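Step one of this worksheet: look at the structure below.
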Amino acid sequence: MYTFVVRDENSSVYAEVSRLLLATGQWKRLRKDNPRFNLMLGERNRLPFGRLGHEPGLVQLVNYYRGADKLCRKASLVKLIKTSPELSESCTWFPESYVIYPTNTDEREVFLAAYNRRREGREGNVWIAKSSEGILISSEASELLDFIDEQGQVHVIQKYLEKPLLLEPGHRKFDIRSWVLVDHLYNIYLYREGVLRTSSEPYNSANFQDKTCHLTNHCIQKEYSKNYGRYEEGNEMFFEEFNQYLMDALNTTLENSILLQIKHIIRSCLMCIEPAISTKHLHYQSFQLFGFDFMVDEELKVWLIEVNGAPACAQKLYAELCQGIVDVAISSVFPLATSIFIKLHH
Amino acid sequence: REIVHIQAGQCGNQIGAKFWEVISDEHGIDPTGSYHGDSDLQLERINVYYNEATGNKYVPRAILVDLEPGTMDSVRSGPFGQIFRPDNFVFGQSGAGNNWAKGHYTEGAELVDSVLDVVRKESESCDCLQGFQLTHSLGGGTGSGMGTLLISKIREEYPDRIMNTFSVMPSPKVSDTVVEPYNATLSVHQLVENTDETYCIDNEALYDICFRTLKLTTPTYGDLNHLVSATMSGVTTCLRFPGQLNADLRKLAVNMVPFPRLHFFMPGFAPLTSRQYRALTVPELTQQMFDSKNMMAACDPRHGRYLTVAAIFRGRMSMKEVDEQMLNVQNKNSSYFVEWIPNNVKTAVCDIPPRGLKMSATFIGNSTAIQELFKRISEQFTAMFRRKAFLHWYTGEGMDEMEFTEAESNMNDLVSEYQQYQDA
Amino acid sequence: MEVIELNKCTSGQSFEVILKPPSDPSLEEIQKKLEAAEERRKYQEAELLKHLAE
Amino acid sequence: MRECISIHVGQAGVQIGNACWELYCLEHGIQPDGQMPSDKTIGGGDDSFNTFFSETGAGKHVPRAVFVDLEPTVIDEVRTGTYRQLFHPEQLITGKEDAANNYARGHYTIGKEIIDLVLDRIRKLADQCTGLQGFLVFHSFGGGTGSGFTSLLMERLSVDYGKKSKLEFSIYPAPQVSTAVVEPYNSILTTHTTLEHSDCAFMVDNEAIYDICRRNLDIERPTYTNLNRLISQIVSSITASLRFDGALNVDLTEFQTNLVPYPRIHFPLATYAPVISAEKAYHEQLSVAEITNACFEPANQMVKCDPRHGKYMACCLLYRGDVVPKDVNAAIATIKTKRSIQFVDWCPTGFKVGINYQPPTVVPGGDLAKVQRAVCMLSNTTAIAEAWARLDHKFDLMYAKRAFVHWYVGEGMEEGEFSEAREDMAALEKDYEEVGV
Ligand SMILES: Nc1nc2c(ncn2[C@@H]2O[C@H](COP(=O)(O)OP(=O)(O)OP(=O)(O)O)[C@@H](O)[C@H]2O)c(=O)[nH]1
Ligand SMILES: Nc1nc2c(ncn2[C@@H]2O[C@H](COP(=O)(O)OP(=O)(O)O)[C@@H](O)[C@H]2O)c(=O)[nH]1
Ligand SMILES: COc1ccc(N(C)c2nc(Cl)nc3cccc(F)c23)cc1
Ligand SMILES: [Ca+2]
Ligand SMILES: [Cl-]
Ligand SMILES: [Mg+2]
Ligand SMILES: [Mg+2]
């Protein structure tokens with residue numbers, strides 16, 4: 001009989017995982033501070049990795065990779081892509097990005133060298149700015170940096186994707202959320218189901234102060250959008266509909282036009298950091314569920330924008346994905362008495 | 002290093018004699034004091050309990066005390082009777098009539114100075130005396146009243162030594178007189194203040210063990226005392242045998258007693274034996293030693309939480325298996341071990357098994373469930389005391405009802421202090 | 006990656022390898053502490069003996 | 001030539017000292033009676049081994065060592081054991097009753113009146129020294145003697161020998177072999193009181209030695225004897241440069257210079273490879289690259305932690321056996337490409353390397369196999385602060401209930417010393433965190 005402890009109550013995915021674990025009759029839950037656990041569903045902040053794997057008679061397993069923040073916080077991920085030979089500054093699937101600190125190392129004096137070549141060459145010169158609410162998409166820099174310095178945290182600003190793929194009917198934008206589980210053996214598992222978080226407002230390439238047709242967040246769309254839910258329930262188009270659409274409208278499959286690229290990006294990122302975070306020879310073991318956020322341009326080219334390290338699922342898919350976490354991440358290590375994941379290897 | 006042993010009153014001297022028989026056998030010493038064992042593990046720490054005398058003889062560092070000579074004579078006539086030095090028999094003639102007050106205030110006071118003389122003589126022949134262990138019941142008169150008088154005297158003369166007791170608790174299922182609760186409560190008040198560590202040997206538990214599981218229909222005091230001498234040999238094995246852990250009374254106090262007053266230990270033993281052939285496996289030894297049914301204090305350990313635990317495995321077995329099983333107990337029941345004392349369970353291994361067993365395990369728990377014991381006593385106490393019944397036996401020896409009220413309160417405070425840490 | 010200060014001898018050698026440049045109380049107070057703790061100890065013992073004398 | 005005095009305190013310190021000095025005698029060809037035939041300068045000399053051994057007119061080579069315990073049973077085993085003749089009686093000092101696992105009992109009650117005798121015997125050794133450079137102190141964190149008496153001894157050494165270096169070999173407490181429930185209290189207490197009196201400390205977590213013994217020695221349930229022969233290999237690896245010809249870490253001041261830039265952060269991590277069972281029938285001898293690579297596996301560290309999520313301030317490689325510089329530099333190059341090695345910005349990225357061509361000596365009949373080459377890495381990485389986190393956490397759990405505190409207060413210690421020591425450790429943990437994140 002196995003024991004676990006729950007140190008992040010505000011996690012939908014692992015709330016569900018706790019329930020399924022209990023419902024097996026082979027897992028009992030202990031108090032958040034009882035160190036004699038087999039499993040730790042840890043807190044999102046300052047998880048005590050240094051206290052794991054020092055309990056004799058206990059194989060211990062945690063649901064986070066110490067180190068993985070380097071991939072999952074925006075400035076960090078830019079730094080990692082630019083400096084890592086495996087990805088390099090010549091990376092073809094990440095947009096041009098730069099790390100900018102507020103007025104109160126930095127890259128704005130290297131930014132401007134590229135910005136002005138883009139304005140002179142008479143290219144599209146929209147840039148987006150954000151950190152890890159408070160977003161500015163502009164066409165001239167002195168709006169960007171001016172906004173950055175009103176806030177007080179490190180920011181990244183990056184070449185906005187000016188020619189996205191637009192779903193018809195609607196002429197609207199979207200992003201693709203992929204859910205990837207990495208297990209203690211460092212198998213990379215892409216969940217068969219992705220989601221398209223769409224916008225409900227036709228794409229207005231004119232004024233970039235309206236964020237309703239340029240940012241695809243499930244929140245901003247329920248609250249501040251006109252017709253949230255006109256085309257798909259909850260502004261969420263799943264993979265079968267989207268594949269159908271690509272076949273009907275564009276004469277391709279989702280696998281061919283897009284997924285090949287998403288698998289290549291996922292595998293490349295994770296294999297890049299594998300030496301820094303793998304627990305292959307460690308006294309405790311890690312797994313972790315990641316949410317890779319992708320954007321497809323009008324030429325059917327996939328781009329990575331964020332990796333999130335503590336993602337939520339879509340209500341339809343919680344059951345199946347949480348059961349998959351239990352199967353591959355947890356029962357693999359602690360056995361009980372046709373898989374929904376595609377294994378990424380090359 | 003050296004321990005001085007005192008046994009007081011009927012029960013104190015009967016269990017004391019059984020203890021000296023049992024560990025004398027374990028250490029290879031015969032009723033004359035002549036060592037006749039084979040191994041040398043038996044002698045490395047033989048001086049903790051024995052004095053070396055002329056002609057390579059071994060004399061227990063044991064003082065025998067009573068207010069009536071009946072039982073002391075019974076010991077002299079008994080099997081090991083002639084191993085004790087005769088000068089260490091200190092007895093009166095009047096008895097104590099199952100009266101704590103006679104033992105503590107009137108008859109006992111008359112005798113206690115000569116006991117303390119013998120105590121002092123034994124202690125000054127000690128290279129480094131670590132302290133004293135006392136055996137006594139709490140429900141009679143000599144053991145409870147005069148043994149606690151002794152203990153506070155001994156503390157006055159030796160305030161920097163360890164005072165340890167084996168204290169048998171009275172049970173109506175095994176009862177001599179109705180005033181036993183009175184006596185016990187007065188004694189517990191004493192013990193809470195003046196011992197460092199007390200083994201609570203419940204006669205209720207010993208009766209239930211003989212009856213429900215040893216299938217003895219009419220348990221005698223002999224049957225109870227066989228269980229007691231097994232427990233005693235077990236809880237003192239790390240004291241008298243050389244091991245990795247070089248243990249003594251003070252380290253045991255330091256490690257077992259997080260707060261001074263909560264020093265009342267629940268002892269346990271496995272396999273439960275009666276006065280067999282199947283060898284126990286280490287998983288079986290470990291499951292039994294933790295079983296409520298193998299403990300000598302009638303309490304439900306699931307009704308409380310373990311502050312500290314010390315466990316002793318006697319026999320030739322796998323130290324690897326012992327470690328795995330102990331860790332498995334803690335990890336599969338961690339609910340019942342306080343989380344604010346990390347790694348509160350420690351284990352020791354001795355190669356020599358007790359007589360007649362290839363393997364055994366002794367358990368020493370400091371559980372908050374021990375409160376159940378005292379609650380029992382307090383209820384019985386109050387049942388009489390509210391009607392002031394049988395008090396005249398005590399006021400006739402000088403005592404005031406106020407003293408009863410004080411001891412009752414102190415015991416109820418002890419119960420509360422245990423309850424404090426059962427919910428922390 | 007450059008190798009410097011190579012010293013060597015019949016028993017062995019030593020050297021450095023650079024990969025990249027750089028981007044008490046007195047005896048008095050002590051015996052005072054020891055004696056303070058001995059005073060607290062002697063006082064607790066006196067409290068105990070006075071209680072026993074009561 | 002400048003002398004080194006070893007001081008062994010409490011059970012762990014004495015048994016580890018036994019192991020180390022047995023090893024030293026094997027390595028320098030000193031027999032159990034103290035005779036070293038290869039020593040042609042009879043009655044004296046200023047050779048390298050003389051920093052650890054003095055010489056008698058009768059050709060006897062005598063450790064510059066003091067053993068001190070508050071109870072007699074363990075040092076009595078030195079007095080009657082194989083190397084009884086090696087040690088002069090007045091270097092073996094015992095009390096009557098131990099510190100009962102109680103830091104305050106060791107520091108205050110029992111310490112107070114064996115301290116002057118110990119310092120007098122230490123002075124009888126120092127007076128035999130033309131130029132003493134300082135002390136190597138062996139002790140557990142967990143014992144009442146090893147914690148409390150050691151910290152008193154360290155304070156006094158700073159007083160009576162203020163210009164001298166003091167090094168620690170410190171056993172960190174592990175439940176699988178620990179003897180007492182209060183070892184976190186003692187650990188924190190003795191670390192706080194010793195921090196400013198120690199120039200460099202090598203911490204050894206019994207949990208790491210225990211696991212190394214099980215995994216690589218195939219010992220079911222390791223004893224102290226197992227652990228100590230392994231620990232003594234590592235200690236010999238660390239001190240070989242004080243006892244042999246060479247140019248790296250030749251005096252005690254050089255350990256501070258090379259390994260401790262910031263004085264408070266003076267706990268270097270030690271990694272040691274290879275550890276091979278004597279019962280391994282067929283063994284393929286590991287290369288320079290394989291053992292240097294093993295120096296970066298956590299499973300070979302003296303303390304389990306993850307240096308990948310920390311930063312380095314220094315790094316020394318001590319080889320013994322068939323090793324030449326170019327093979328070391330090749331190994332390092334490839335290792336740098338495949339591993340997460342981040343130095344602090346204000347420190348060079350680099351390795352000080354020391355090679356002694358005599359391969360490790362192994363105790364006959366021990367558990368460790370002879371090997372053609374072995375390395376000990378000494379790295380000052382912030383990751384070792386994980387150990388302090390663990391220790392501090394255990395402390396905070398007990399102290400929040402003041403569990404067992406009464407045992408210390410009753411020895412004359414004040415409750416405030418507990419929160420003061422803990423205060424200090426909070427400071428230490430923060431120093432580490434902002435040197436390395
Ligand atoms: N590695 C190793 N650890 C030891 C050894 N002996 C004891 N220890 C560890 O040291 C701690 C106990 O400290 P000890 O040195 O045994 O106690 P002490 O310093 O003698 O102090 P007291 O006995 O309290 O007077 C525990 O964590 C033990 O596991 C040993 O020989 N080798
Ligand atoms: N377990 C056990 N209890 C005993 C024994 N003899 C007496 N008792 C118990 O001790 C109490 C009687 O006290 P006792 O020792 O005879 O009186 P004392 O001589 O005045 O101290 C009662 O609770 C008895 O049940 C014995 O041999 N074994
Ligand atoms: C944390 O709980 C602890 C409890 C006890 C102890 N020591 C001091 C022991 N002493 C004695 Cl006499 N018998 C023991 C028997 C078994 C285990 C022990 F550990 C014993 C150490 C720690
Ligand atoms: Ca010489
Ligand atoms: Cl000096
Ligand atoms: Mg009777
Ligand atoms: Mg000791």
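Residue numbers (the entry's author numbering), protein chains in the order written: chain F, 1 to 104, 125 to 152, 158 to 362, 372 to 380; chain B, 2 to 276, 280 to 428; chain E, 6 to 28, 44 to 74; chain A, 1 to 437. We put the CB at the ideal spot given by N, CA and C, even for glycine.
Per DSSP, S75/B lies in no beta strand (DSSP E) segment; the continuous alpha helix (DSSP H) that holds it begins and ends at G71 to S78. Residue-level contact by beta carbon fails for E67/E and chain A, as no gap is shorter than 9 Å. Less than 9 Å divides the Cβ of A374/A from the Cβ of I291/A. Taking the Cβ of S178/A as the reference point, at least one heavy atom of ligand 1 falls within a distance shorter than 8 Å.
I283/F is positioned such that its CB atom lies no closer than 9 Å to that of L215/F.
Within 8 Å of the C-beta of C239/B there is at least one heavy atom belonging to ligand 3. For the segment 6-18 of chain A, the beta-carbon criterion of a distance under 7 Å to any beta-carbon of chain F is satisfied by none of its residues. Note on geometry: alpha-carbon atoms of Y185/F and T257/A lie some 52 Å from one another. For the pair of segments examined, the segment 5-19 of chain A was found to touch the segment 224-236 of chain A: the number of CB pairs separated by less than 8 Å reaches three. DSSP, read as helix, strand or coil, puts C295/A in coil.
According to the DSSP assignment, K324/B belongs to the alpha helix (DSSP H) that extends over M323 to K336. Taking 9 Å as the threshold, the shortest C-beta distance from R156/B to chain E falls below it. Rounded to the nearest angstrom, the gap between the Cα atoms of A100/A and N186/A is 12 Å. A distance below 7 Å between beta-carbons, with the five flanking residues on each side excluded, links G106/A to the following residues of its chain, in chain order: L70, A99, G144, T145, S147, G148 and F149.
If you compare the alpha carbons of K198/F, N333/F, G159/F and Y14/F with that of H180/F, the shortest gap goes to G159/F. With distances taken between CA atoms, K297/B lies nearest to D209/B out of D209/B, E401/B and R121/B. In this structure, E405/B is the residue among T33/B, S413/B, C303/B and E405/B with its C-alpha nearest to the C-alpha of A102/B. What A180/A touches in chain B, judged by beta-carbon distance under 9 Å, is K252, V255, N256 and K350, going in chain order. Contacts with chain A at 9 Å (Cβ-Cβ) do not include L377/B.
Assignment of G57/A by DSSP, reduced to helix, strand and coil, places it in the coil class.
With a cut-off of 8 Å, the C-beta of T145/A is classified as near ligand 1, since at least one heavy atom of the ligand falls inside that distance. In the structure shown, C211/B adopts helical secondary structure according to DSSP, grouped into three states. Take the alpha-carbon of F255/A and the one of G132/B: they are about 47 Å apart.
Contact annotation, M377/A with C305/A: C-beta distance approximately 14 Å; criterion of less than 8 Å not satisfied. In its chain, beyond the 5 residues on either side, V14, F67, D69, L92 and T94 have a beta carbon closer than 7 Å to the beta carbon of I75/A. The C-beta of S153/B comes closer than 9 Å to at least one C-beta of chain E. Residues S296, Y340 and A373 of the same chain have their beta carbon placed closer than 8 Å to that of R306/B, with the five preceding and five following residues left out of the count. The C-beta of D161/B comes closer than 9 Å to at least one C-beta of chain E. For the segment 313-336 of chain B, the beta-carbon criterion of a distance under 8 Å to any beta-carbon of chain F is satisfied by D327, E328, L331, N332, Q334, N335 and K336. For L58/F, at least one C-beta of chain B is nearer than 9 Å to its own C-beta. Shown in chain order are the members of the segment 296-316 of chain F whose Cβ falls below 7 Å from a Cβ of chain A: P300, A301, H306, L307 and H308. Two segments are said to touch when three or more pairs of C-beta atoms, one from each, lie closer than 8 Å; by this definition the segment 109-128 of chain B does not touch the segment 349-359 of chain F.
From the listed residues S413/B, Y425/B and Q11/B, the smallest Cα separation to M398/A is found for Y425/B.
Residue burial is scored here from C-beta neighbours: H379/F has fewer than 16 other C-beta atoms within 10 angstroms and is therefore classed as exposed. Remark: the C-beta of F141/A is in contact range of ligand 1, defined as less than 8 Å to any heavy atom.
DSSP, read as helix, strand or coil, puts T312/B in strand.
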